[PDB]
Amino acid sequence: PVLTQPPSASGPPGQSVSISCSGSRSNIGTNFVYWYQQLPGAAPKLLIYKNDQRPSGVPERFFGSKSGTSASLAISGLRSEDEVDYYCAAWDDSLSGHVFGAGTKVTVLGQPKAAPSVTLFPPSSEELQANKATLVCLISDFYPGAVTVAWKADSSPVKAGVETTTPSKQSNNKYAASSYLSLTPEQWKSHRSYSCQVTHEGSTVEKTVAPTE
Amino acid sequence: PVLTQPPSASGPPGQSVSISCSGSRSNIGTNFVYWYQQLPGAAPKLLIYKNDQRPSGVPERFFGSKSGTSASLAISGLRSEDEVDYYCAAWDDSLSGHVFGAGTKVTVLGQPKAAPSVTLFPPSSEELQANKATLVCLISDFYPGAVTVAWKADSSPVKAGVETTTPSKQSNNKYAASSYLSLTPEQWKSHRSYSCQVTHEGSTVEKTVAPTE
Amino acid sequence: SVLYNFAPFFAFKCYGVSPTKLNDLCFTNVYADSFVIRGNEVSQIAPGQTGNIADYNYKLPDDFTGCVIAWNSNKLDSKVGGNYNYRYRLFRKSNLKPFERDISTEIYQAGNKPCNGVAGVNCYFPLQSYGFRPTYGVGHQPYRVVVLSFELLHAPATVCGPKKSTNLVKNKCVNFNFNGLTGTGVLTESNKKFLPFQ
Amino acid sequence: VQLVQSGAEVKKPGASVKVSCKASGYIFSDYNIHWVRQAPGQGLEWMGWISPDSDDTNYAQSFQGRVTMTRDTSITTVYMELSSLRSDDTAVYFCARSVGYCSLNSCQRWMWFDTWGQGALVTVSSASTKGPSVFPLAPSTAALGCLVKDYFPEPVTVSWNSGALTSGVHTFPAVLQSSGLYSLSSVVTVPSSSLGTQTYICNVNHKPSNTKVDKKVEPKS
Numbered sequence: 002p003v004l005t006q007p008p009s010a011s012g013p014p015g016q017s018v019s020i021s022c023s024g025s026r027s028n029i030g031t032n033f034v035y036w037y038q039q040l041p042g043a044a045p046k047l048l049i050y051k052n053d054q055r056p057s058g059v060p061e062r063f064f065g066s067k068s069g070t071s072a073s074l075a076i077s078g079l080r081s082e083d084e085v086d087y088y089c090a091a092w093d094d095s096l097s098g099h100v101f102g103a104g105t106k107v108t109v110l118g119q120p121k122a123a124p125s126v127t128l129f130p131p132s133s134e135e136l137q138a139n140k141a142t143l144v145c146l147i148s149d150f151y152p153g154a155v156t157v158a159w160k161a162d163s164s165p166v167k168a169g170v171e172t173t174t175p176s177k178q179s180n181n182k183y184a185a186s187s188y189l190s191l192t193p194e195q196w197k198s199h200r201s202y203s204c205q206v207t208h209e210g211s212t213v214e215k216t217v218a219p220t221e
Numbered sequence: 002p003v004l005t006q007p008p009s010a011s012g013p014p015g016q017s018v019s020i021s022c023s024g025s026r027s028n029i030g031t032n033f034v035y036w037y038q039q040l041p042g043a044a045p046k047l048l049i050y051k052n053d054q055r056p057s058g059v060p061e062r063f064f065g066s067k068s069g070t071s072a073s074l075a076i077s078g079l080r081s082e083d084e085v086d087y088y089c090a091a092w093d094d095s096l097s098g099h100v101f102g103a104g105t106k107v108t109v110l118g119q120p121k122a123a124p125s126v127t128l129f130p131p132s133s134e135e136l137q138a139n140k141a142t143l144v145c146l147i148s149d150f151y152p153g154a155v156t157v158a159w160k161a162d163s164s165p166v167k168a169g170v171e172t173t174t175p176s177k178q179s180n181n182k183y184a185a186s187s188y189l190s191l192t193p194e195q196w197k198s199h200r201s202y203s204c205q206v207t208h209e210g211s212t213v214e215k216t217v218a219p220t221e
Numbered sequence: 366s367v368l369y370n371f372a373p374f375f376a377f378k379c380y381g382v383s384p385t386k387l388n389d390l391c392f393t394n395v396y397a398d399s400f401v402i403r404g405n406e407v408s409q410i411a412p413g414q415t416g417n418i419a420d421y422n423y424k425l426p427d428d429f430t431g432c433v434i435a436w437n438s439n440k441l442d443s444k445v446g447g448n449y450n451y452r453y454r455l456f457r458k459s460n461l462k463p464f465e466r467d468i469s470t471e472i473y474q475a476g477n478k479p480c481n482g483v484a485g486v487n488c489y490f491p492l493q494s495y496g497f498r499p500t501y502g503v504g505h506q507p508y509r510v511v512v513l514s515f516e517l518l519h520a521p522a523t524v525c526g527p528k529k530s531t532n533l534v535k536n537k538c539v540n541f542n543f544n545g546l547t548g549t550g551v552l553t554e555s556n557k558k559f560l561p562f563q
Numbered sequence: 002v003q004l005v006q007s008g009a010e011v012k013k014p015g016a017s018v019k020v021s022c023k024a025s026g027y028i029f030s031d032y033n034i035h036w037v038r039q040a041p042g043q044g045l046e047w048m049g050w051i052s053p054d055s056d057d058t059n060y061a062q063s064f065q066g067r068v069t070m071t072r073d074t075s076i077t078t079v080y081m082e083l084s085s086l087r088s089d090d091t092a093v094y095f096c097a098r099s100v101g102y103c104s105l106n107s108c109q110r111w112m113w114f115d116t117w118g119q120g121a122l123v124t125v126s127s128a129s130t131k132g133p134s135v136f137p138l139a140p141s149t150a151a152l153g154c155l156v157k158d159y160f161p162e163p164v165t166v167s168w169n170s171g172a173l174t175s176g177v178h179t180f181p182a183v184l185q186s187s188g189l190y191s192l193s194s195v196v197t198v199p200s201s202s203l204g205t206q207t208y209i210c211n212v213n214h215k216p217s218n219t220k221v222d223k224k225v226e227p228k229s
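As structure tokens, then:
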């Protein structure tokens, strides 16, 4: 048996939300359910233990309960400046080991899109003198994330190890992503025009450079 | 498949509470989840429809959400004077009929016990004129309820159709219960002492009468 | 002749033979199918046209051989509440081949999340219903759009309208027409005994 | 909107009953009325919808022929002819209002139940109504009361001192006996100094039997 959790929690601020952790008959009900939360880039911390008492260090803000197969963790609204992922833990006698949930990250609920800016950097001659050539293009100044970057030689797209890095959230309220592509100098100089396209879920721009300067 | 709900919800006032309604794969997710609540002794009323719209007639107090198999109805605190049972409804294509939940009744969370008082009423001569005899004893002025009443002949408690009525809530902040037992005049006059005992979860008192007056 | 007494129409532009010359050319196979759409969706029901309901529910190829018959219907399919029976499917995978119906109930996925029955932030139900109220305007009312398609070179002609029968004239040299057997002569009652198949 | 109707009469097993909730204030040709029963201590079960225009209704997986359905556009009230009433049918019957229109089996997912109000009481029972022959019950501060038996159906009203006493008058819950009888108990409290001196009476009124008995209570002799 594998314990399941939603990938993310959709919770708007100003009104109460909660999460559920469904299990099994030998996992939930006969044993207590513990909830854990971790800060982004830091250590976790227990939230509710034994389903009715709470640790010292948290105000009267959270509530947790267990009812049969699933256990609910009632939350009094949501703070926009404090968003953490939640965990669900229990015990199974047949597995004889602690089982942890998938992890539910609470997300707030609408902002308009922005205008992305794309740049493309051709390799320098010092890279080409080592019998190698790599191409990288970057996307920035866009909100929100979840973008896909693909290469194009203005005649047909090329797939020679194309990867798409996951977007990362910065501190200036802006999402960023990049794509890398490494080739050989024979194929790099075969095409005199290279570009990459970005997908802003409705917006697409092209950054065309030349392999001269 | 059948839809399950907890028999009752344990919710303290002043803190957020929520309920979960787990179903099947063809029942939740692909179809919207509707929550219904009814007054004690009156008609029901819909609470949340289509999981993000609310009907006109309720303030911005309640919230409902759905996440995969289970749907959560988050409640921002609890009013002691307003406690109602909650329902969960959905649709299943295979069963081709609407399915309703078991019903979750919210309950507040600690008061000390009281002193029960028990009386026993022997049958009158007019009842014995009809070649019949019934014995009834009653319990009142006890808090909380969940009491069990059994008869006693001071030598051997008798089982000739012994039943136990469920406790009922009155208006003067107390519960009440009773037990009935109908017999024949031959067995009724066989024993010269009859009594019944009550179980107030820690205290037991006896009410002994005589079949003379 | 029983075609134009079915309320005033809304769109009757055609892309081929004239509707009045259909009696002069006898066909062999004609198709009939009907549906209801919003009044803002009547425009894109055409050979080679894009739109919302253009490539996801019903498409038309270049060769059409017919046209639509769209009129106003607001006192059969419109209620003071809702009419949720009619629906349109727009969360589809790819292009739809014209003249091909499709029915499905699986939840469409718009991302990389594997949805096998769940409806997440990227997976949505592919069947969206309409809403028909008198509060809605003329451009938001259901129109019973019916389209007729004609087929050629499958069989000899068997479907076409009336033949305009007339009276009979006796004892006069006139020209006649008996099931394509032309000729000029005088009609006279016979005494022969024809077999009942000739 | 409104859903007021009359209370359903108690039916023995193997009988027929009709229930109908009045519809007014609108036109009864655009909203499909529903029906559902509220079983005590558990959930609800559903059988189908009623379109008030034509014959296009269906049935559920568990109810094939036990429910029969009939519309009436002249009075704009739906009619029902229930058959084969058993012990599982004992529940209150509510007609559920619906918004929109739904003829097929895939259009009601956006539909939500609009209005509930004042259902009827249906209880399937073998032993049924009958005139009571209740005899006084002897008493044991002191307590006294009169217990009602051999009557059908629930409930009855116990009034003491011709309705001049109200405090302490509580209707104790009854149970389903093997013979089908009920037992509603009402008790009052008097001081022990007056037990056989002051005359005490209690009145129990039976609605279908039209029997009103002002029975005086006496100690056992």
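Going line by line, the protein sequences match chains M, K, E and O. Here the first sequence stands for residues 2 to 110, 118 to 221, numbered as in the entry's author numbering. Here the second sequence stands for residues 2 to 110, 118 to 221, numbered as in the entry's author numbering. Here the third sequence stands for residues 366 to 563, numbered as in the entry's author numbering. Here the fourth sequence stands for residues 2 to 141, 149 to 229, numbered as in the entry's author numbering. Virtual Cβ for every residue (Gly too), placed ideally from N, Cα, C.
Check: As assigned by DSSP and simplified to three states, the class of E209 of chain K; Outcome: coil
Check: Cut-off 8 Å between Cβ atoms - residues of its own chain near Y151 of chain M, not counting five sequence neighbours on either side; Outcome: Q119, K121, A122, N181, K182, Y183
Check: Any non-hydrogen atom of the ligand COA closer than 6 Å to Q563 of chain E Cβ; Outcome: Summarising the ligand content, the structure contains no ligands, and the ligand COA is consequently not present.
Check: Validate contact between the region 27–45 of chain O and the region 75–84 of chain K using beta carbons, cut 8 Å, 3 pairs; Outcome: no
Check: The region 388–405 of chain E / the region 477–492 of chain E touching (three or more Cβ pairs under 8 Å); Outcome: no
Check: Outcome for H99 of chain M when other beta-carbon atoms lying within 10 angstroms are tallied against a minimum of 16; Outcome: exposed
Check: Minimum C-alpha distance to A103 of chain M - residue among M:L110, M:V206, M:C145, M:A90; Outcome: M:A90
Check: Beta-carbon proximity list for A218 of chain M, same chain, < 6 Å, skipping 5 on both sides; Outcome: none
Check: Closer than 7 Å to chain E by CB, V68 of chain O; Outcome: no
Check: Start-to-end residues for the beta strand (DSSP E) that takes in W196 of chain K; Outcome: Taken as a continuous stretch (DSSP letters only), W196 of chain K belongs to no beta strand (DSSP E), being part of the alpha helix (DSSP H) at 193–196.
Check: Bridge-paired residues (DSSP) for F129 of chain K; Outcome: K:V144
Check: Beta-carbon proximity list for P165 of chain K, same chain, < 7 Å, skipping 5 on both sides; Outcome: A158, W159
Check: Same chain, Cβ closer than 6 Å to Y50 of chain M, neighbours up to 5 away in sequence not counted; Outcome: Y35
Check: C108 of chain O versus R62 of chain M: straight-line alpha-carbon distance, rounded; Outcome: 42 Å
Check: Amino acids of chain E, ordered along the chain, whose beta-carbon sits closer than 8 Å to that of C103 of chain O; Outcome: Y449, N450
Check: Residues that DSSP places opposite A150 of chain O in a beta bridge; Outcome: O:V198
Check: Contact with chain E by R62 of chain K, beta-carbon distance below 7 Å; Outcome: no
Check: Environment of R403 of chain E [buried if 16+ CB atoms lie within 10 Å]; Outcome: buried
Check: Proximal residues of chain E, C-beta to C-beta of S27 of chain K below 9 Å; Outcome: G482
Check: Separation of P426 of chain E from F464 of chain E, as counted between CA atoms; Outcome: 8 Å
Check: Euclidean distance between Cα positions of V59 of chain K and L48 of chain K; Outcome: 8 Å
Check: Sub-7 Å separation of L122 of chain O and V93 of chain O beta-carbons; Outcome: yes
Check: For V156 of chain O, the residue or residues it bridges with in DSSP; Outcome: None, per the DSSP bridge assignment.
Check: One or two residues paired with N394 of chain E in a DSSP bridge; Outcome: E:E516
Check: Which of helix, strand or coil DSSP assigns to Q39 of chain K; Outcome: strand
Check: Any chain M beta carbon closer than 7 Å to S97 of chain K; Outcome: no
Check: Rounded C-alpha distance that separates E406 of chain E from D428 of chain E; Outcome: 21 Å
Check: Proximity test, Cβ basis, 7 Å: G42 of chain K and chain E; Outcome: no
Check: Spatial neighbours of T207 of chain K in its chain, beta-carbon cut-off 6 Å, leaving aside the 5 residues before and after; Outcome: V155, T156
Check: DSSP-derived helix/strand/coil call for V135 of chain O; Outcome: coil
Check: Local Cβ density within 10 Å of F497 of chain E, reported as buried at 16 or more and exposed below that; Outcome: buried
Check: Endpoints, beta strand (DSSP E) assigned at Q563 of chain E; Outcome: Here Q563 of chain E belongs to no beta strand (DSSP E), and DSSP marks it neither H nor E.
Check: Backbone CA spacing between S191 of chain O and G153 of chain O [nearest angstrom]; Outcome: 12 Å
Check: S95 of chain K - DSSP class collapsed to helix/strand/coil; Outcome: coil
Check: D222 of chain O: first and last residue of the uninterrupted beta strand (DSSP E) it sits in; Outcome: 219–224
Check: Three-state class that DSSP yields for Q39 of chain O in the structure shown; Outcome: strand
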